[PDB]
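Have a look at the structure below before the remarks.
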Amino acid sequence: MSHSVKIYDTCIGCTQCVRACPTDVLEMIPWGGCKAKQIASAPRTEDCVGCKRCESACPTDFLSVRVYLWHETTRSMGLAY
Amino acid sequence: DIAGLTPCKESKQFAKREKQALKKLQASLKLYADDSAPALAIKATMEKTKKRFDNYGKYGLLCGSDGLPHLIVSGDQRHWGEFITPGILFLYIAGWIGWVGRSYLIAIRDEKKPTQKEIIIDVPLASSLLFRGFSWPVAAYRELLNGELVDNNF
Amino acid sequence: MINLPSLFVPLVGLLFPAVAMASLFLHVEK
Amino acid sequence: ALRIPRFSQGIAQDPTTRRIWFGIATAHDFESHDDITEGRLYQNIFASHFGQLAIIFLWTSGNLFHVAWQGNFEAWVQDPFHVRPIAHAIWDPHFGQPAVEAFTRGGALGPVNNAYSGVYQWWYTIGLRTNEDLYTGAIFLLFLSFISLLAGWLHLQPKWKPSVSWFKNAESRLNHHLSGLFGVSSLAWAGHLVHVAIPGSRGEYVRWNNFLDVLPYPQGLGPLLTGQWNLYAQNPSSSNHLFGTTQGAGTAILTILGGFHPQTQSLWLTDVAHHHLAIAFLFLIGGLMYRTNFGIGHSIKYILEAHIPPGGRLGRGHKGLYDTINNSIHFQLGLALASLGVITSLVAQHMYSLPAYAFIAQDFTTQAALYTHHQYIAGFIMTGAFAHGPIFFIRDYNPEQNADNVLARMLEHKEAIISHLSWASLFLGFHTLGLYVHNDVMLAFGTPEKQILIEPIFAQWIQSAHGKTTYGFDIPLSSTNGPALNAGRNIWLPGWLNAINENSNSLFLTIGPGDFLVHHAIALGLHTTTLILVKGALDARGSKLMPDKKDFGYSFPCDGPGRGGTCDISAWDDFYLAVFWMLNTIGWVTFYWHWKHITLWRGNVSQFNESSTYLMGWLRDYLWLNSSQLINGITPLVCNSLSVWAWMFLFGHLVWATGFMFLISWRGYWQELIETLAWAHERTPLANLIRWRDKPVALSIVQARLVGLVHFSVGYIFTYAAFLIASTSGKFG
Amino acid sequence: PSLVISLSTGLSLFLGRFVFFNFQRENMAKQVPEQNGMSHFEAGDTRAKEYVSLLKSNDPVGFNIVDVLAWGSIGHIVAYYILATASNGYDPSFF
Amino acid sequence: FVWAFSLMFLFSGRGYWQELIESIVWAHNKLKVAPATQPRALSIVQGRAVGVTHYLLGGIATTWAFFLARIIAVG
Amino acid sequence: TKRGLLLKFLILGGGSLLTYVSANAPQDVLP
Ligand code: CLA
Ligand code: CLA
Ligand code: CLA
Ligand code: CLA
Ligand SMILES: CC(=CC=C/C(C)=C/C=C/C=C(C)/C=C/C=C(C)/C=C/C1=C(C)CCCC1(C)C)/C=C/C1=C(C)CCCC1(C)C
Ligand SMILES: CC(=CC=C/C(C)=C/C=C/C=C(C)\C=C\C=C(C)\C=C\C1=C(C)CCCC1(C)C)/C=C/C1=C(C)CCCC1(C)C
Ligand SMILES: CC1=C(C/C=C(\C)CCC[C@H](C)CCC[C@@H](C)CCCC(C)C)C(=O)c2ccccc2C1=O
Ligand SMILES: CC1=C(C/C=C(\C)CCC[C@H](C)CCC[C@@H](C)CCCC(C)C)C(=O)c2ccccc2C1=O
Ligand SMILES: OC[C@H]1O[C@](CO)(O[C@H]2O[C@H](CO)[C@@H](O)[C@H](O)[C@H]2O)[C@@H](O)[C@@H]1O
Ligand code: SF4
Ligand code: SF4
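Protein chains in written order, with the entry's author numbering: chain C, 1 to 81; chain F, 1 to 154; chain I, 1 to 30; chain B, 2 to 734; chain G, 4 to 98; chain A, 684 to 758; chain H, 48 to 78.
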């Protein structure tokens with residue numbers, strides 16, 4: 001919000017867990033203690049489109065994201081062209 | 001007796017139905033079976049819907065206009081077992097479908113890995129928990145509401 | 001003159017539309 | 002890449018076309034979109050629907066204005082024999098010379114289309130008559146419907162307050178309304194029918210001049226204030242009447258006496274007025290029930306609070322239901338919707354068997370395209386009712402502020418609620434459907450007997466304890482006498498509520514096994530319709546698959562694939578999904594009346610009898626019988642009687658069908674070939690440089706669930722529209 | 004048959020229970036408390052209610068019924084008139 | 684009829700009949716009668732599989748009937 | 048080619064005379 005879908009979980013470990021999703025998610029930002037110690041929910045999200053490939057894999061244990069962003073550029077949908 | 005008319009003992013409209021309609025059945029002056037041994041309108045199909053004469057049994061059975069028979073079942077004058085007689089029957093049969101539903105089920109979730117024993121079937125129909133149903137005298141009508149499925153488990 | 005009351009279907013069902021399909025192309029721009 | 006749409010902002014600089022559509026459908030969503038404050042909002046719905054009342058009088062004006070110079074009236078008030086009234090003059094340059102053929106209808110000159118709205122039997126039925134005497138309508142209503150806008154502005158202008166907090170009282174208002182409004186709104190009507198109208202009905206005229214000189218009697222309001230009322234009701238009307246011209250008139254307003262007549266059915270002259278009067282105490286007695294400063298009456302909490310009937314010692318709270326129905330504005334607009342919804346049909350199911358108009362049923366058309374625009378709507382409401390009470394739960398609502406509290410618990414103990422609802426349907430499902438195939442496997446098979454067919458006992462029952470003095474029958478204490486009433490008799494139930502069987506217009510039609518099904522299949526509708534609305538609502542909040550389904554609740558249609566696979570699981574898309582059964586009940590029900598009526602007019606009734614107890618037949622004779630008239634109306638042999646209708650009726654079948662795209666298409670496939678189809682232009686001469694200002698895209702992933710719908714619907718609702726008319730008009734009936 | 008004036012007798016039984024307090028203490032409306040202008044804020048909202056104030060004339064102006072309702076109803080309303088009748092007046096017993 | 688049952692398979696969401704399938708699954712557990720073999724709604728595209736296939740075996744035999752009934756008997 | 052503020056002029060004018068007389072007529076030759 002403008003890209004606000006929560007995939008968070010609690011492990012935020014990313015080995016045999018989740019990577020998939022065009023650019024958007026440059027994480028591994030180890031918070032001072034959470035097991036395989038890499039955490040949060042995103043990096044700078046003003047770049048790419050609206051997947052839920054975002055979970056599909058590696059837990060969000062609650063929801064999982066999808067489209068919810070509304071304010072929606074174009075670069076933010078393939079088609080501005 | 002009630003809203004429609006009276007039973008079979010008299011029902012004019014009903015009579016006319018017997019008669020034209022079926023019997024036209026007839027309708028085929030011949031159509032060849034002078035002695036021949038197949039084409040069976042001839043014998044019954046009529047006579048099995050037909051020898052069903054001024055008798056069908058006698059059943060009361062109310063019969064409105066056009067004299068197709070209507071079902072009251074309010075437990076009176078004659079009509080009681082057009083719902084209850086075949087009603088408790090529907091109850092008793094089901095419930096001994098699912099008394100055993102809640103049975104070749106509550107017999108598994110235990111021992112060692114019990115995770116789909118059910119896509120095959122352990123005792124077919126249950127053939128063990130089987131009669132538990134006719135072997136319901138009273139049964140769930142007490143032991144459902146007291147103990148086992150007990151409010152606890154509620 | 002005789003028999004002539006036909007203007008309140010184009011000024012409406014025709015010309016009023018012209019206005020707004022033009023005009024309201026204010027949604028695009030003004 | 003500029004900036005535009007003046008309220009939203011995310012929408013405002015979106016380079017595609019969404020820019021547009023989504024503009025024209027966020028407009029009315031005040032609560033939370035850029036421009037808003039709880040002060041703004043309220044008022045921004047207040048001088049909105051002052052923009053209401055306003056548009057309702059430019060409707061009504063013109064209703065009374067395509068009528069006064071053409072569109073027979075100094076006709077149809079000479080005697081209204083069932084031949085083709087008039088709305089307005091149809092004028093399309095596309096018309097052939099068969100302008101001359103009916104379409105062009107008798108009395109008037111150029112072609113026209115006749116009142117199927119009632120108006121024509123109530124601008125008449127409260128007197129209002131003479132064609133020199135008549136040509137007001139707009140003139141007033143409009144010298145009204147402009148004032149309707151004036152407050153709009155006046156009360157929009159800051160200064161002479163538009164009022165902000167003052168919008169959450171109640172007590173004061175509704176302590177005001179259900180007196181000030183309704184009560185006196187009645188009364189004042191009671192006023193009018195009686196001084197100017199009842200005289201205009203049985204008796205004679207009222208001349209625009211005198212209003213003092215006219216006096217229903219010789220010696221005035223006589224006693225009246227003299228508690229002596231009674232001797233209104235003696236020789237009031239008669240029956241050897243000749244409606245509108247006295248002679249067997251008599252003149253003593255009020256009654257409950259006399260009743261039906263082959264010359265007009267319709268509620269008696271008076272009764273619709275002592276009533277209008279009579280209720281007008283109760284609401285005035287009701288109004289004055291709550292505070293409003295002086296210091297009597299009531300505070301609208303403290304009689305909820307710990308009021309509670311079965312609460313008390315059953316551990317189940319009642320906290321500020323007031324500051325949540327009040328702080329909600331959606332709870333508001335959906336206790337509003339329903340009541341209206343439940344009563345929109347009570348209106349429109351009572352408006353038959355008790356129509357209150359001078360020639361209506363015994364018209365039998367206007368009477369059948371008027372029960373339904375009040376059945377459509379009404380169904381159409383209900384949904385919206387159920388749909389703003391699944392928005393309360395998301396935008397408003399407040400778990401910490403409502404809890405142990407009986408609006409909660411309703412949430413909390415919810416899984417059951419949909420189940421003991423769904424258990425109704427599934428039962429009401431296959432059990433109606435055994436009875437109706439069985440009833441159709443048995444015919445076809447040769448055996449009309451064997452047919453399963455239950456009398457509708459508890460139905461007719463209600464009525465042999467009324468007036469359905471059908472072919473005798475005691476009933477233990479009743480018999481058809483010994484005890485009758487004893488405590489009641491020659492007062493009250495006189496000739497009225499005594500229509501009996503009356504094969505013509507008896508009020509109650511004499512019910513059998515045909516009606517013990519539709520009547521269980523209107524019951525499988527509002528049940529199924531509502532397991533989905535109840536459900537739709539009972540968690541716009543969230544659930545297992547989508548737990549945290551919120552901050553936006555309503556229309557977030559779609560979600561990512563995975564989890565189980567997730568879809569139309571916004572409380573909107575269940576509303577979306579709901580509206581199909583509100584369009585399937587509100588069809589079984591309407592469908593039913595008519596077949597019935599149809600047959601119960603220019604002919605039989607045995608017809609619906611043994612031929613509605615099954616299914617095929619519902620399609621064959623009705624559906625297939627009774628369309629006849631219309632379709633061979635474009636006929637290879639020139640445009641005959643109706644043409645508007647049948648072309649509508651196929652316009653009906655297209656708008657419908659063309660729903661489906663929207664509905665089996667799903668933005669993905671559309672957008673992508675528009676990706677190839679917007680490589681054209683760019684790559685083709687005599688169509689280059691030429692820039693769009695909105696980027697070619699395919700419809701939003703909620704939008705098209707709507708549009709297929711808002712499409713499925715007109716088609717559908719524009720098909721029965723033209724179906725019934727196009728066949729209740731011909732007839733035969 | 005009907006006591007018609009059985010009950011209009013009856014209803015302004017009660018709204019004279021109305022003729023009340025325009026008279027007796029202080030001003031109108033226990034003076035506009037809260038009406039225009041708008042409550043504290045209040046706010047949930049809000050007050051007041053009081054199971055404890057259904058007295059004050061329970062006893063006194065429960066007579067008000069029998070007023071008009073006696074001698075001024077079935078017994079020919081004020082026979083004791085005269086007080087300027089000539090552009091007309093009377094008035095005259097419909098009873 | 685079968686055709687006019689397809690639309691329900693064709694026209695609808697999916698975590699819907701889930702959201703529903705649980706209310707069900709709930710009432711199920713109270714009597715102790717459900718969980719084993721995690722009951723689940725239709726596999727997004729299965730759902731489309733049970734559109735289509737029905738929409739056809741509906742919308743088709745409709746005429747297979749419509750036909751044999753207007754060549755048998757006059758014609 | 049004096050286009051310096053116009054078009055509103057040619058859309059009352061031109062289009063009140065492709066429709067004023069264009070619909071009216073002195074003796075039908077009807078629909
Ligand atoms: C969505 C649609 C909508 C539409 C388009 C219509 C259209 C219609 N309805 Mg209707 N209706 C609707 C929703 C709608 N209704 C709903 C939701 C309800 C349930 C509440 C009804 C209940 C209803 C009834 C009961 C009837 C109609 C009737 C009608 C028809 C009469 C024309 C008319 O309404 O003029 C409307 C007229 C006005 C708006 C002006 C009159 C209003 C009066 C009461 C104002 C009083 C204010 C007064 C000045 C205060 C005086 C104070 C002082 C002088 C003392 C028309 C076909 C009538 C009919 O049967 O036709 C055959 C009638 O039967 N409707
Ligand atoms: C009687 C009144 C009532 C009132 C006062 C409101 C008020 C409101 N509704 Mg609402 N609603 C109602 C009845 C009402 N509703 C009913 C009966 C239903 C269904 C039965 C709905 C279903 C509904 C939905 C889904 C939503 C609202 C929303 C809203 C809010 C924004 C309005 C909006 O989005 O319009 C803007 C719409 C337009 C400017 C026009 C586009 C509308 C399309 C669909 C046209 C509809 C069919 C049309 C007549 C066919 C074309 C005509 C044809 C002849 C060419 C506003 C609070 C929105 C909301 O805020 O909820 C969170 C939204 O979600 N309503
Ligand atoms: C004519 C239609 C078709 C049928 C048969 C159904 C049936 C049903 N819909 Mg449905 N629906 C349809 C079209 C249909 N829908 C369409 C077009 C839409 C909108 C696009 C919807 C939108 C909708 C919603 C929102 C809901 C339903 C629900 C339901 C169920 C409600 C419970 C009930 O009515 O009794 C049960 C069912 C019947 C009477 C139908 C017959 C089912 C049995 C008898 C099958 C026959 C067995 C047969 C002998 C074996 C053949 C199978 C094979 C071995 C050959 C029911 C299964 C609701 C629900 O889920 O209820 C819990 C609710 O979710 N529908
Ligand atoms: C009755 C139908 C409705 C209509 C009109 C269409 C039309 C179309 N579909 Mg389609 N479709 C529908 C229902 C409909 N569909 C449904 C129900 C489904 C699935 C359930 C689909 C699944 C589908 C698919 C997969 C595809 C299409 C495609 C198409 C396009 C094919 C090219 C074409 O000939 O279009 C133009 C011609 C028409 C739409 C018919 C003529 C319309 C008439 C009434 C003339 C009106 C014009 C006139 C100027 C009106 C202006 C007057 C003013 C008052 C507005 C076309 C837009 C395809 C496509 O885009 O390929 C090109 C694509 O393959 N459809
Ligand atoms: C009075 C009555 C009734 C009824 C019934 C009823 C009384 C009904 C009701 C109904 C209602 C409804 C049906 C409503 C609904 C709605 C809802 C349920 C809502 C919901 C919601 C949601 C969704 C959430 C939140 C919000 C809201 C709340 C909105 C009756 C009476 C009678 C009778 C008949 C018999 C005889 C006698 C008499 C007396 C004559
Ligand atoms: C209700 C029902 C049924 C219905 C049904 C219906 C209502 C319908 C159905 C249908 C089916 C179908 C339909 C199938 C099939 C088929 C076929 C065989 C086909 C063929 C073909 C081909 C070859 C191809 C195409 C064309 C055609 C189609 C011809 C039933 C119910 C029930 C009950 C009560 C309970 C128990 C069970 C039962 C007994 C079951
Ligand atoms: C055809 C189609 C499209 C393509 C989008 C199209 C075809 C838009 C084409 C524009 C039409 C031709 C406009 C004609 C409408 C007029 C009535 C004018 C509208 C006026 C408004 C302001 C009301 C989708 O994007 C889509 C998305 C999701 C599910 C289904 C579908 C779908 O079926
Ligand atoms: C109605 C509907 C459902 C609900 C449909 C369901 C749950 C159908 C599956 C029901 C099964 C087939 C019943 C099976 C139970 C019996 C086989 C068990 C008893 C064995 C026999 C002896 C009876 C979806 O899951 C769905 C998914 C995606 C898009 C659209 C839809 C959709 O429209
Ligand atoms: O009413 C339509 C009728 O009028 C027209 C329109 O041009 O023109 C008439 O006006 C001229 C002017 O002198 C007359 O001489 C003659 O009536 C027509 O030219 C004519 O087309 C239409 O027939
Ligand atoms: S839950 Fe997803 S991405 Fe989140 S922390 Fe784990 S894998 Fe990282
Ligand atoms: S889930 Fe969202 S953020 Fe993640 S990759 Fe997909 S689009 Fe990008």
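Note that CB positions come from ideal geometry on N, CA and C, so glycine has one too.
- Between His-351 of chain B and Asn-406 of chain B, the C-beta spacing is not below 8 Å.
- Judged by DSSP in its simplified three-state form, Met-547 of chain B adopts strand.
- The nearest non-hydrogen atom of ligand 3 is less than 7 Å from the C-beta of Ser-423 of chain B.
- Residue pairing by DSSP leaves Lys-24 of chain F without any beta bridge partner.
- By the C-beta density criterion, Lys-415 of chain B is buried, having at least 16 other C-beta atoms within 10 angstroms.
- Scanning chain B for C-beta atoms nearer than 8 Å to the C-beta of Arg-697 of chain A yields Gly-565, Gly-566, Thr-567, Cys-568, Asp-569, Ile-570, reported in chain order.
- When DSSP states are grouped into helix, strand and coil, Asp-475 of chain B belongs to the coil group.
- It is roughly 13 Å from the alpha-carbon of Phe-62 of chain C to the alpha-carbon of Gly-565 of chain B.
- At a cut-off of 8 Å between beta-carbon atoms, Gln-704 of chain B makes no contact with chain C.
- Taking a 10 Å sphere around the C-beta of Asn-152 of chain F, we find fewer than 16 other C-beta atoms and assign the residue as exposed.
- For the region 405-422 of chain B, the residues whose beta carbon sits under 7 Å from a beta carbon of chain A are, in order, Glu-416, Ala-417, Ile-419, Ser-420.
- Around ligand 6, the residues whose beta-carbon falls short of 6 Å from at least one of its heavy atoms are B:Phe-431, B:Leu-434, B:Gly-435, B:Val-438, A:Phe-684, A:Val-685, A:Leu-740, A:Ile-743, A:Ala-744, A:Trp-747, given in chain order.
- Per DSSP, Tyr-141 of chain F is one residue of the alpha helix (DSSP H) stretching across 140-143.
- Scanning the region 193-247 of chain B from its first residue to its last, no whole beta strand (DSSP E) run of 3-plus residues comes out.
- Taking a Cβ-Cβ cut-off of 8 Å, the neighbours of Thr-448 of chain B in chain F comprise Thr-49, given in sequence order.
- In this structure, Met-662 of chain B has its beta carbon less than 7 Å from a heavy atom of ligand 4.
- In the pairwise beta carbon analysis, the region 496-510 of chain B is classified as touching the region 253-269 of chain B: at least three pairs are separated by under 8 Å.
- Taking a Cβ-Cβ cut-off of 7 Å, the neighbours of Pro-562 of chain B in chain A comprise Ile-727, given in sequence order.
- Any Cβ of chain H closer than 8 Å to the Cβ of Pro-17 of chain I would place that residue at the interface, and such an atom is absent.
- Listed along chain F is no residue with a C-beta nearer than 8 Å to that of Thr-746 of chain A; the closest approach is about 30 Å.
- A residue is called buried once 16 or more other Cβ atoms fall within 10 Å of its Cβ, and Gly-561 of chain B is buried on that count.
- Beta-bridge partners of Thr-17 of chain B (DSSP): B:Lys-696.
- Following the DSSP letters along the chain, one finds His-432 of chain B inside the alpha helix (DSSP H) bounded by residues 423-443.
- In this structure, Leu-59 of chain B has its CB at a distance of at least 7 Å from all heavy atoms of ligand 5.
- The continuous alpha helix (DSSP H) containing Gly-742 of chain A extends over residues 736-750.
- Taken in chain order, the whole alpha helix (DSSP H) runs of length 4 or more contained in the region 594-675 of chain B are 607-611, 629-632, 645-658, 662-665.
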